[PDB]
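Single chain ahead, by itself, as structure tokens, in the form deposited in one PDB entry.
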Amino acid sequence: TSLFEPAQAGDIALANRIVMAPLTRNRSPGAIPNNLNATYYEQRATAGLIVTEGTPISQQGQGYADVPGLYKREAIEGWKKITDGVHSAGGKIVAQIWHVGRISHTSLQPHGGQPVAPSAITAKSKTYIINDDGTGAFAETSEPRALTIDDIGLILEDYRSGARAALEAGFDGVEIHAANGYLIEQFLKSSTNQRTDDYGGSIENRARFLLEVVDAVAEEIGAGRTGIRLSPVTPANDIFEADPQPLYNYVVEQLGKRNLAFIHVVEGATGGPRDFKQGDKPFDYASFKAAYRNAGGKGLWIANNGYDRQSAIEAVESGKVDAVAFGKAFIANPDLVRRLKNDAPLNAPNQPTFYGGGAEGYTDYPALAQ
């Protein structure tokens, strides 16, 4: 199998197996995508699949400033321009529907409220916020409040609404953000979940929320338009799990029964070493994939983290993964697909302009000529 040949992710047809990883850019004031955002995504429409920047299902699900959401009518309209543009350019695009859980700040929350989480354990993490009087970071994340059962029901409804909004905005589907220490992972992992009810303790209980979210979203828009991002060992956002194999194998055994479009896996620490581990034992990614496949899982297996041209080509050729998502290389290379096809040089990413600001370091990375 070639990295450059078409693929299928549930109901979504992909032109090739090069995926644009979700990348928060903080360039949508008021949680509403704008014209510059449309330019940015259109530039990258040769990707087999674009996964958007995390896009929250609600204001409660926001953790950073100037992030586009799916909860305002104006935001849905803004996204529609983006998906239309991507489609006209021959692309496909899914919304990474997001809830940050404890990773937020009161100034971003409705009513100036506490971020919500499975347990009231403050993260030692930071959020991108815009100084009331200029301008940009940093505050420690706020103390979170433990979710009640009723609160959880309200969030599930927000996931239904968000998935519905994604379809209204013309997305081809959604990727449920269940990675990088955010709300769903906060329930999954032991360091963040000290609940004594049906959502805490056992692996089955800790995965309960993830599976309810998946089932709610899949019921709303169709399993064949539903994917999910997972990150078994990442230390992102102050999270820790000492025994991820049984937990994550169980998760994908369950996902394997649900006819999903794709599973997107962050292999290692997000943006860090691929061989990262937290517990005593290394994570076995082959065993993890096997647990999905052996349960009947037929979703496209999209892998991420530290890939380059050669490792991506090799991983797809061997069948270890079905497709590869690139993060930082897509920031810097709108025509990454053509560059990789021709084995051309790449532009280097400029980290200082990843978050916030303007067109510089966003829409001005050049494509190659002709």
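Sequential numbering from 1, following the sequence displayed. Only residues modelled in both forms are compared. By rigid core we mean the largest C-alpha set that fits within 1.5 Å across both forms.
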As stated in the PDB record, which stretch has the larger average Cα B-factor, 258-266 or 194-202? 194-202
On mean C-alpha B-factor from the PDB entry, just flag whether 230-238 or 276-284 is the higher one. 276-284
Max C-alpha B-factor within the set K92, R208, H99, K124 falls on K124
Most elevated Cα B-factor in the entry, residues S311, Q62, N26, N35: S311
CA B-factor ranking of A21, expressed as a third of its chain: middle
Considering only modelled residues of the same chain, in which third does the CA B-factor of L70 rank: lowest, middle or highest? lowest
Split the chain's modelled residues into thirds by Cα B-factor; is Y355 in the lowest, middle or highest one? highest
Place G48 in the lowest, middle or highest third of its chain's C-alpha B-factors, as listed in the PDB entry. middle
Going by the recorded CA B-factors, say which third of the chain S318 sits in, lowest, middle or highest. highest
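Note that the form deposited in another entry isn't included here; everything after this is about it.
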Displaced residue between the shown form and the other one, judged on C-alpha after the rigid core is fitted, out of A290, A242, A89, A137 (threshold 2 Å or more): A137
Once you compare with this form, do the C-alpha atoms of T135 and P349 lie closer or farther in the other entry, given a change of 3 Å or more? farther
Shared-residue segments moving between the shown form and the other one, Cα shift 2 Å or more over 3+ consecutive positions, core-fitted: 130-137
